[PDB]
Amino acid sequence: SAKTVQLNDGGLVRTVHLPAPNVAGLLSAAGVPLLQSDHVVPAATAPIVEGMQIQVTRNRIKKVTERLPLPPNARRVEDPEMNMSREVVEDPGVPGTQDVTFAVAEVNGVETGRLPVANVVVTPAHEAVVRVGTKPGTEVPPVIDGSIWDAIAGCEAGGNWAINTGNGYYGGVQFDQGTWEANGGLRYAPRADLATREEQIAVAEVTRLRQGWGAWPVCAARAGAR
């Protein structure tokens, strides 16, 4: 029957008159029982003695629900008039609205971390239309090396793959027109510089495989390239 008990609960001091066999019991009776990762000093099974301090930390996870935007699903449509390296958002759709449940981590009633864990759609989004390039012959293989390709760019064009300074050479790896053409560039763009970095590297790797890195004499050196 120990009516002098002071309970620092997650910061909030409070005085308590309830009877119980141990501290957990005491917190149960004040209807603030120890849950989840809650801890306390003295121990949870400790006897109640008079004028006693009881310090509890609340460490919990909590379901919270929020009404957020629901992004539209992308419907793809083919455009064989445009390169496969290009994708365009032709109709962006209409965002809908969802109920996102987050697991929220809280200590002493203050949030410390969250993660989204589920979603029910309330108002459905209307589709978006994404128009993708399908021009035959415009496949682009994956870039292999790169820090090297980017260094020869770094070296030869200051990094600007769309470079048309005015001289004789074009693009990031400084193609001439003859060699850009001989080795297949024209499927991608009339000039090295009107094509994307990845398109350029594809057409360059054809030179590189014939001669190796030595078609960029200064710049394959400055890069550190065999």
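Start at 1 and count along the sequence shown; that's the residue number.
Looking at mean Cα B-factors across 76 to 84 and 146 to 154, the upper value is held by 146 to 154.
With 203 to 211 and 14 to 22 compared on mean CA B-factor from the PDB entry, the stretch scoring higher is 14 to 22. Looking at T179, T57, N160, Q53, the one whose CA carries the top B-factor in the deposited record is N160. Which of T45, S28, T165, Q36 has the largest Cα B-factor in the deposited entry comes down to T165. Among the modelled residues of its chain, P69 has a C-alpha B-factor that falls in the middle third, as given in the PDB entry. When the modelled residues of the chain are ordered by C-alpha B-factor, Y188 sits in the lowest third.
Among all modelled residues in this chain, the alpha-carbon of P124 has a temperature factor (C-alpha) in the lowest third. In the deposited entry, the Cα temperature factor of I61 sits in the bottom third of values across the chain's modelled residues. In the deposited entry, the Cα temperature factor of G113 places it in the lowest third of its chain's modelled residues.
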